[PDB]
Amino acid sequence: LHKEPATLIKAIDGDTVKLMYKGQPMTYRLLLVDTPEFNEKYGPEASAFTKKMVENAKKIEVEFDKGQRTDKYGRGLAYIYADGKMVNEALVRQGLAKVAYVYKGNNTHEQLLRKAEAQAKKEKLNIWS
Ligand SMILES: Cc1cn([C@H]2C[C@H](OP(=O)(O)O)[C@@H](COP(=O)(O)O)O2)c(=O)[nH]c1=O
Ligand SMILES: [Ca+2]
């Protein structure tokens, strides 16, 4: 897997962000996670977590997995990094996201995220409380 350059266009919600990649705007869906919808519990906190994390980052990187970089709604599917910290793993670690949507061929960081979910669950953080 390789990290590639991108720049924040706009925060959207817990697990989607509008980025500019190779000079084009694109909405990205965070791989292997599921944040609550805004109007669900911890939804607003998930949005705020992700928003602050991307908005404060001096360096935004996009990391595709091995299969299909686009979803059926045309959203980019990627791992996103804010100054070298993975937003996908960061939400799960805080129990603001669940490991979810684990499709074979786009699952490189699955065990890494499940590790973070185990610890979040262990600490009864947010979603697990
Ligand atoms: C995370 C992810 C979601 N999706 C699709 C499956 C879901 O389809 P359905 O709409 O048919 O449920 C939807 C969930 O996204 P949201 O959690 O953003 O709603 O996005 C993928 O196809 N691949 C993925 O890696
Ligand atoms: Ca979601």
# chains A, B, ... in the order shown; residues from 1 in each chain; ligands from 1
call {"tool": "residues_near_ligand", "arguments": {"ligand": "ligand 1", "cutoff": "10 Å", "atoms": "only C-alpha atoms and all ligand atoms", "output": "mmCIF file with N, CA, C and O atoms, in the first residue's frame"}}
result
data_model
loop_
_atom_site.group_PDB
_atom_site.id
_atom_site.type_symbol
_atom_site.label_atom_id
_atom_site.label_comp_id
_atom_site.auth_asym_id
_atom_site.auth_seq_id
_atom_site.Cartn_x
_atom_site.Cartn_y
_atom_site.Cartn_z
ATOM 1 N N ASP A 13 -18.905 14.061 7.166
ATOM 2 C CA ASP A 13 -19.432 13.425 8.406
ATOM 3 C C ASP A 13 -18.358 12.489 8.976
ATOM 4 O O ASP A 13 -17.180 12.590 8.542
ATOM 5 N N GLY A 14 -18.747 11.626 9.918
ATOM 6 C CA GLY A 14 -17.818 10.744 10.638
ATOM 7 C C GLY A 14 -16.910 9.992 9.683
ATOM 8 O O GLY A 14 -15.688 9.968 9.944
ATOM 9 N N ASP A 15 -17.451 9.417 8.601
ATOM 10 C CA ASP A 15 -16.672 8.482 7.736
ATOM 11 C C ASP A 15 -16.664 8.905 6.253
ATOM 12 O O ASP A 15 -16.299 8.082 5.406
ATOM 13 N N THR A 16 -16.990 10.150 5.926
ATOM 14 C CA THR A 16 -16.842 10.681 4.544
ATOM 15 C C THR A 16 -16.195 12.060 4.604
ATOM 16 O O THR A 16 -16.475 12.836 5.550
ATOM 17 N N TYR A 28 -14.658 10.911 -0.410
ATOM 18 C CA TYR A 28 -14.093 9.610 0.023
ATOM 19 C C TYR A 28 -14.865 9.025 1.195
ATOM 20 O O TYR A 28 -15.091 9.745 2.196
ATOM 21 N N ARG A 29 -15.184 7.735 1.058
ATOM 22 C CA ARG A 29 -15.749 6.873 2.117
ATOM 23 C C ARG A 29 -14.594 6.090 2.742
ATOM 24 O O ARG A 29 -13.889 5.372 2.030
ATOM 25 N N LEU A 30 -14.409 6.275 4.042
ATOM 26 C CA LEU A 30 -13.356 5.628 4.850
ATOM 27 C C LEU A 30 -13.566 4.119 4.828
ATOM 28 O O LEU A 30 -14.665 3.644 5.182
ATOM 29 N N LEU A 31 -12.523 3.403 4.438
ATOM 30 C CA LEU A 31 -12.550 1.922 4.374
ATOM 31 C C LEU A 31 -12.696 1.322 5.770
ATOM 32 O O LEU A 31 -12.105 1.859 6.719
ATOM 33 N N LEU A 32 -13.467 0.231 5.847
ATOM 34 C CA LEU A 32 -13.522 -0.743 6.971
ATOM 35 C C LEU A 32 -14.137 -0.124 8.223
ATOM 36 O O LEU A 32 -14.045 -0.757 9.282
ATOM 37 N N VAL A 33 -14.811 1.014 8.131
ATOM 38 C CA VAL A 33 -15.405 1.612 9.360
ATOM 39 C C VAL A 33 -16.845 2.024 9.080
ATOM 40 O O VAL A 33 -17.241 2.153 7.887
ATOM 41 N N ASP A 34 -17.580 2.218 10.170
ATOM 42 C CA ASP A 34 -18.960 2.737 10.127
ATOM 43 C C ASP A 34 -19.168 3.660 11.321
ATOM 44 O O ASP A 34 -19.251 3.179 12.446
ATOM 45 N N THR A 35 -19.251 4.954 11.066
ATOM 46 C CA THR A 35 -19.637 5.948 12.086
ATOM 47 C C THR A 35 -21.149 6.028 12.139
ATOM 48 O O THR A 35 -21.816 5.813 11.140
ATOM 49 N N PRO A 36 -21.733 6.373 13.302
ATOM 50 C CA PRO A 36 -23.170 6.577 13.388
ATOM 51 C C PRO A 36 -23.511 7.736 12.456
ATOM 52 O O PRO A 36 -22.659 8.579 12.234
ATOM 53 N N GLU A 37 -24.722 7.711 11.905
ATOM 54 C CA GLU A 37 -25.245 8.828 11.086
ATOM 55 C C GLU A 37 -25.412 9.997 12.055
ATOM 56 O O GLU A 37 -25.571 9.741 13.274
ATOM 57 N N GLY A 67 -8.197 -3.545 -3.996
ATOM 58 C CA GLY A 67 -9.317 -3.760 -4.926
ATOM 59 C C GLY A 67 -10.329 -2.644 -4.923
ATOM 60 O O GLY A 67 -11.012 -2.510 -3.923
ATOM 61 N N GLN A 68 -10.541 -1.979 -6.058
ATOM 62 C CA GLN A 68 -11.699 -1.068 -6.299
ATOM 63 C C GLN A 68 -11.561 0.139 -5.371
ATOM 64 O O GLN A 68 -11.674 -0.020 -4.145
ATOM 65 N N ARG A 69 -11.296 1.294 -5.972
ATOM 66 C CA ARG A 69 -11.005 2.554 -5.260
ATOM 67 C C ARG A 69 -12.264 3.411 -5.267
ATOM 68 O O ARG A 69 -12.242 4.502 -4.658
ATOM 69 N N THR A 70 -13.323 2.897 -5.893
ATOM 70 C CA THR A 70 -14.621 3.587 -6.084
ATOM 71 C C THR A 70 -15.741 2.661 -5.617
ATOM 72 O O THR A 70 -15.661 1.460 -5.868
ATOM 73 N N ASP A 71 -16.760 3.216 -4.977
ATOM 74 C CA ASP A 71 -17.930 2.438 -4.522
ATOM 75 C C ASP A 71 -19.096 2.719 -5.475
ATOM 76 O O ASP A 71 -18.945 3.562 -6.372
ATOM 77 N N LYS A 72 -20.224 2.041 -5.270
ATOM 78 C CA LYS A 72 -21.355 2.010 -6.233
ATOM 79 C C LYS A 72 -22.049 3.374 -6.287
ATOM 80 O O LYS A 72 -22.819 3.579 -7.221
ATOM 81 N N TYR A 73 -21.772 4.269 -5.336
ATOM 82 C CA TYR A 73 -22.259 5.669 -5.338
ATOM 83 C C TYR A 73 -21.161 6.603 -5.868
ATOM 84 O O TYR A 73 -21.333 7.809 -5.756
ATOM 85 N N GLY A 74 -20.062 6.065 -6.405
ATOM 86 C CA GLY A 74 -18.962 6.848 -6.996
ATOM 87 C C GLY A 74 -18.037 7.469 -5.956
ATOM 88 O O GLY A 74 -17.151 8.252 -6.342
ATOM 89 N N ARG A 75 -18.210 7.155 -4.675
ATOM 90 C CA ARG A 75 -17.292 7.640 -3.615
ATOM 91 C C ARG A 75 -15.966 6.888 -3.720
ATOM 92 O O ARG A 75 -15.985 5.653 -3.954
ATOM 93 N N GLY A 76 -14.857 7.623 -3.576
ATOM 94 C CA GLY A 76 -13.531 7.033 -3.351
ATOM 95 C C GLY A 76 -13.595 6.141 -2.128
ATOM 96 O O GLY A 76 -14.304 6.499 -1.153
ATOM 97 N N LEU A 77 -12.927 4.998 -2.173
ATOM 98 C CA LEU A 77 -12.743 4.143 -0.982
ATOM 99 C C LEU A 77 -11.254 4.125 -0.638
ATOM 100 O O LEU A 77 -10.454 3.630 -1.453
ATOM 101 N N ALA A 78 -10.893 4.625 0.533
ATOM 102 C CA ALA A 78 -9.479 4.710 0.924
ATOM 103 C C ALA A 78 -9.307 4.731 2.442
ATOM 104 O O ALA A 78 -10.264 5.037 3.207
ATOM 105 N N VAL A 99 -15.713 -1.359 13.281
ATOM 106 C CA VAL A 99 -15.194 -2.096 12.098
ATOM 107 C C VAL A 99 -16.417 -2.658 11.362
ATOM 108 O O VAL A 99 -17.332 -3.209 12.007
ATOM 109 N N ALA A 100 -16.449 -2.502 10.047
ATOM 110 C CA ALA A 100 -17.654 -2.738 9.235
ATOM 111 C C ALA A 100 -17.259 -2.694 7.777
ATOM 112 O O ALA A 100 -16.214 -2.063 7.450
ATOM 113 N N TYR A 101 -18.076 -3.324 6.940
ATOM 114 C CA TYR A 101 -17.930 -3.273 5.468
ATOM 115 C C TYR A 101 -16.572 -3.833 5.121
ATOM 116 O O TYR A 101 -15.786 -3.171 4.429
ATOM 117 N N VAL A 102 -16.307 -5.016 5.649
ATOM 118 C CA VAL A 102 -15.036 -5.741 5.404
ATOM 119 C C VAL A 102 -15.217 -6.630 4.179
ATOM 120 O O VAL A 102 -15.677 -7.763 4.301
ATOM 121 N N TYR A 103 -14.870 -6.101 3.020
ATOM 122 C CA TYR A 103 -14.958 -6.832 1.742
ATOM 123 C C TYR A 103 -13.561 -7.380 1.452
ATOM 124 O O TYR A 103 -12.548 -6.680 1.686
ATOM 125 N N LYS A 104 -13.503 -8.630 0.996
ATOM 126 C CA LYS A 104 -12.219 -9.283 0.648
ATOM 127 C C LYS A 104 -11.587 -8.485 -0.495
ATOM 128 O O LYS A 104 -12.340 -7.941 -1.317
ATOM 129 N N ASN A 106 -10.086 -5.637 -0.241
ATOM 130 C CA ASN A 106 -10.007 -4.236 0.253
ATOM 131 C C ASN A 106 -9.996 -4.286 1.777
ATOM 132 O O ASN A 106 -10.783 -3.563 2.374
ATOM 133 N N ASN A 107 -9.157 -5.145 2.359
ATOM 134 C CA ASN A 107 -9.169 -5.463 3.811
ATOM 135 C C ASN A 107 -7.764 -5.424 4.424
ATOM 136 O O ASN A 107 -7.608 -6.003 5.506
#
call {"tool": "select_by_dssp", "arguments": {"residues": "chain A", "states": "strand (DSSP E or B)", "output": "ChimeraX atom specification"}}
result
/A:4-13,16-21,24-30,33-34,60-63,70,76-82,85-86,98-99
call {"tool": "closest_residue", "arguments": {"among": "A:41, A:121, A:114, A:85", "to": "ligand 2", "atoms": "only C-alpha atoms and all ligand atoms"}}
result
A:41
call {"tool": "select_by_dssp", "arguments": {"residues": "range 18-66 of chain A", "states": "alpha helix (DSSP H)", "output": "PDB file with N, CA, C and O atoms, in the first residue's frame"}}
result
ATOM      1  N   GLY A  43     -23.142  10.257  16.534  1.00  0.00           N
ATOM      2  CA  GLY A  43     -23.047  10.779  15.163  1.00  0.00           C
ATOM      3  C   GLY A  43     -22.337  12.124  15.154  1.00  0.00           C
ATOM      4  O   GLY A  43     -21.262  12.247  14.574  1.00  0.00           O
ATOM      5  N   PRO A  44     -22.879  13.148  15.854  1.00  0.00           N
ATOM      6  CA  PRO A  44     -22.285  14.484  15.844  1.00  0.00           C
ATOM      7  C   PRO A  44     -20.828  14.433  16.329  1.00  0.00           C
ATOM      8  O   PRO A  44     -20.005  15.102  15.762  1.00  0.00           O
ATOM      9  N   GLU A  45     -20.554  13.625  17.356  1.00  0.00           N
ATOM     10  CA  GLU A  45     -19.200  13.477  17.949  1.00  0.00           C
ATOM     11  C   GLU A  45     -18.254  12.850  16.922  1.00  0.00           C
ATOM     12  O   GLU A  45     -17.073  13.253  16.879  1.00  0.00           O
ATOM     13  N   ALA A  46     -18.757  11.906  16.120  1.00  0.00           N
ATOM     14  CA  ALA A  46     -17.982  11.225  15.048  1.00  0.00           C
ATOM     15  C   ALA A  46     -17.595  12.250  13.975  1.00  0.00           C
ATOM     16  O   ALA A  46     -16.412  12.306  13.607  1.00  0.00           O
ATOM     17  N   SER A  47     -18.568  13.036  13.506  1.00  0.00           N
ATOM     18  CA  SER A  47     -18.380  14.130  12.514  1.00  0.00           C
ATOM     19  C   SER A  47     -17.313  15.106  13.008  1.00  0.00           C
ATOM     20  O   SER A  47     -16.420  15.442  12.215  1.00  0.00           O
ATOM     21  N   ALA A  48     -17.444  15.544  14.267  1.00  0.00           N
ATOM     22  CA  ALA A  48     -16.566  16.538  14.924  1.00  0.00           C
ATOM     23  C   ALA A  48     -15.162  15.954  15.046  1.00  0.00           C
ATOM     24  O   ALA A  48     -14.183  16.666  14.749  1.00  0.00           O
ATOM     25  N   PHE A  49     -15.062  14.695  15.466  1.00  0.00           N
ATOM     26  CA  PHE A  49     -13.751  14.020  15.581  1.00  0.00           C
ATOM     27  C   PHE A  49     -13.033  14.104  14.230  1.00  0.00           C
ATOM     28  O   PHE A  49     -11.910  14.644  14.137  1.00  0.00           O
ATOM     29  N   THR A  50     -13.685  13.585  13.190  1.00  0.00           N
ATOM     30  CA  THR A  50     -13.094  13.476  11.834  1.00  0.00           C
ATOM     31  C   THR A  50     -12.768  14.871  11.289  1.00  0.00           C
ATOM     32  O   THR A  50     -11.728  15.021  10.582  1.00  0.00           O
ATOM     33  N   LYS A  51     -13.672  15.821  11.538  1.00  0.00           N
ATOM     34  CA  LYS A  51     -13.639  17.190  10.973  1.00  0.00           C
ATOM     35  C   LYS A  51     -12.389  17.875  11.503  1.00  0.00           C
ATOM     36  O   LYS A  51     -11.601  18.403  10.694  1.00  0.00           O
ATOM     37  N   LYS A  52     -12.237  17.838  12.822  1.00  0.00           N
ATOM     38  CA  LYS A  52     -11.100  18.470  13.517  1.00  0.00           C
ATOM     39  C   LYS A  52      -9.820  17.783  13.047  1.00  0.00           C
ATOM     40  O   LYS A  52      -8.816  18.470  12.797  1.00  0.00           O
ATOM     41  N   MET A  53      -9.851  16.458  12.964  1.00  0.00           N
ATOM     42  CA  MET A  53      -8.649  15.666  12.627  1.00  0.00           C
ATOM     43  C   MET A  53      -8.155  16.067  11.242  1.00  0.00           C
ATOM     44  O   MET A  53      -6.946  16.272  11.107  1.00  0.00           O
ATOM     45  N   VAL A  54      -9.042  16.175  10.251  1.00  0.00           N
ATOM     46  CA  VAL A  54      -8.649  16.552   8.856  1.00  0.00           C
ATOM     47  C   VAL A  54      -8.378  18.053   8.763  1.00  0.00           C
ATOM     48  O   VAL A  54      -7.431  18.398   8.035  1.00  0.00           O
ATOM     49  N   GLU A  55      -9.187  18.895   9.425  1.00  0.00           N
ATOM     50  CA  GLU A  55      -9.075  20.377   9.323  1.00  0.00           C
ATOM     51  C   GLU A  55      -7.765  20.850   9.948  1.00  0.00           C
ATOM     52  O   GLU A  55      -7.172  21.766   9.386  1.00  0.00           O
ATOM     53  N   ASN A  56      -7.306  20.217  11.025  1.00  0.00           N
ATOM     54  CA  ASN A  56      -6.035  20.591  11.697  1.00  0.00           C
ATOM     55  C   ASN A  56      -4.819  20.036  10.957  1.00  0.00           C
ATOM     56  O   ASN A  56      -3.733  20.570  11.180  1.00  0.00           O
TER      57      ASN A  56
END
call {"tool": "atom_distance", "arguments": {"atom1": "CA of residue 125 in chain A", "atom2": "CA of residue 95 in chain A"}}
result
5.2 Å
call {"tool": "closest_residue", "arguments": {"among": "A:117, A:40, A:110, A:65", "to": "ligand 2", "atoms": "only C-alpha atoms and all ligand atoms"}}
result
A:40
call {"tool": "decode", "arguments": {"residues": "range 9-69 of chain A", "atoms": "C-alpha atoms", "output": "PDB file, in the first residue's frame"}}
result
ATOM      1  CA  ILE A   9     -11.814  20.436   0.302  1.00  0.00           C
ATOM      2  CA  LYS A  10     -14.409  19.878   3.108  1.00  0.00           C
ATOM      3  CA  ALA A  11     -15.275  17.709   6.133  1.00  0.00           C
ATOM      4  CA  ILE A  12     -18.661  15.940   5.582  1.00  0.00           C
ATOM      5  CA  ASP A  13     -19.432  13.425   8.406  1.00  0.00           C
ATOM      6  CA  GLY A  14     -17.818  10.744  10.638  1.00  0.00           C
ATOM      7  CA  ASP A  15     -16.672   8.482   7.736  1.00  0.00           C
ATOM      8  CA  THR A  16     -16.842  10.681   4.544  1.00  0.00           C
ATOM      9  CA  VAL A  17     -14.623  13.643   3.563  1.00  0.00           C
ATOM     10  CA  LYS A  18     -14.338  15.796   0.416  1.00  0.00           C
ATOM     11  CA  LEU A  19     -10.724  15.798  -0.820  1.00  0.00           C
ATOM     12  CA  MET A  20      -8.836  17.001  -3.866  1.00  0.00           C
ATOM     13  CA  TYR A  21      -6.818  14.135  -5.396  1.00  0.00           C
ATOM     14  CA  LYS A  22      -4.615  14.489  -8.528  1.00  0.00           C
ATOM     15  CA  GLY A  23      -6.258  17.917  -9.030  1.00  0.00           C
ATOM     16  CA  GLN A  24      -9.919  16.637  -9.005  1.00  0.00           C
ATOM     17  CA  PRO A  25     -12.499  16.929  -6.192  1.00  0.00           C
ATOM     18  CA  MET A  26     -13.770  13.570  -4.901  1.00  0.00           C
ATOM     19  CA  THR A  27     -15.840  12.451  -1.894  1.00  0.00           C
ATOM     20  CA  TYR A  28     -14.093   9.610   0.023  1.00  0.00           C
ATOM     21  CA  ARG A  29     -15.749   6.873   2.117  1.00  0.00           C
ATOM     22  CA  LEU A  30     -13.356   5.628   4.850  1.00  0.00           C
ATOM     23  CA  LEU A  31     -12.550   1.922   4.374  1.00  0.00           C
ATOM     24  CA  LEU A  32     -13.522  -0.743   6.971  1.00  0.00           C
ATOM     25  CA  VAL A  33     -15.405   1.612   9.360  1.00  0.00           C
ATOM     26  CA  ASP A  34     -18.960   2.737  10.127  1.00  0.00           C
ATOM     27  CA  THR A  35     -19.637   5.948  12.086  1.00  0.00           C
ATOM     28  CA  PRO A  36     -23.170   6.577  13.388  1.00  0.00           C
ATOM     29  CA  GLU A  37     -25.245   8.828  11.086  1.00  0.00           C
ATOM     30  CA  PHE A  38     -25.263  12.466  12.333  1.00  0.00           C
ATOM     31  CA  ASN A  39     -28.781  12.232  13.862  1.00  0.00           C
ATOM     32  CA  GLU A  40     -27.906   8.865  15.560  1.00  0.00           C
ATOM     33  CA  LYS A  41     -26.097   8.626  18.923  1.00  0.00           C
ATOM     34  CA  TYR A  42     -22.377   9.681  18.798  1.00  0.00           C
ATOM     35  CA  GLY A  43     -23.047  10.779  15.163  1.00  0.00           C
ATOM     36  CA  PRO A  44     -22.285  14.484  15.844  1.00  0.00           C
ATOM     37  CA  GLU A  45     -19.200  13.477  17.949  1.00  0.00           C
ATOM     38  CA  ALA A  46     -17.982  11.225  15.048  1.00  0.00           C
ATOM     39  CA  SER A  47     -18.380  14.130  12.514  1.00  0.00           C
ATOM     40  CA  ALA A  48     -16.566  16.538  14.924  1.00  0.00           C
ATOM     41  CA  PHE A  49     -13.751  14.020  15.581  1.00  0.00           C
ATOM     42  CA  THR A  50     -13.094  13.476  11.834  1.00  0.00           C
ATOM     43  CA  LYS A  51     -13.639  17.190  10.973  1.00  0.00           C
ATOM     44  CA  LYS A  52     -11.100  18.470  13.517  1.00  0.00           C
ATOM     45  CA  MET A  53      -8.649  15.666  12.627  1.00  0.00           C
ATOM     46  CA  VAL A  54      -8.649  16.552   8.856  1.00  0.00           C
ATOM     47  CA  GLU A  55      -9.075  20.377   9.323  1.00  0.00           C
ATOM     48  CA  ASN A  56      -6.035  20.591  11.697  1.00  0.00           C
ATOM     49  CA  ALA A  57      -3.791  18.316   9.532  1.00  0.00           C
ATOM     50  CA  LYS A  58      -0.987  20.105   7.646  1.00  0.00           C
ATOM     51  CA  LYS A  59      -0.572  16.919   5.506  1.00  0.00           C
ATOM     52  CA  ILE A  60      -3.515  14.835   4.160  1.00  0.00           C
ATOM     53  CA  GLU A  61      -2.648  11.502   2.480  1.00  0.00           C
ATOM     54  CA  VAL A  62      -4.874   9.012   0.610  1.00  0.00           C
ATOM     55  CA  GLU A  63      -4.029   5.271   0.735  1.00  0.00           C
ATOM     56  CA  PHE A  64      -5.958   2.961  -1.644  1.00  0.00           C
ATOM     57  CA  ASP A  65      -6.210  -0.778  -0.908  1.00  0.00           C
ATOM     58  CA  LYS A  66      -5.766  -3.603  -3.482  1.00  0.00           C
ATOM     59  CA  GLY A  67      -9.317  -3.760  -4.926  1.00  0.00           C
ATOM     60  CA  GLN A  68     -11.699  -1.068  -6.299  1.00  0.00           C
ATOM     61  CA  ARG A  69     -11.005   2.554  -5.260  1.00  0.00           C
TER      62      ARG A  69
END
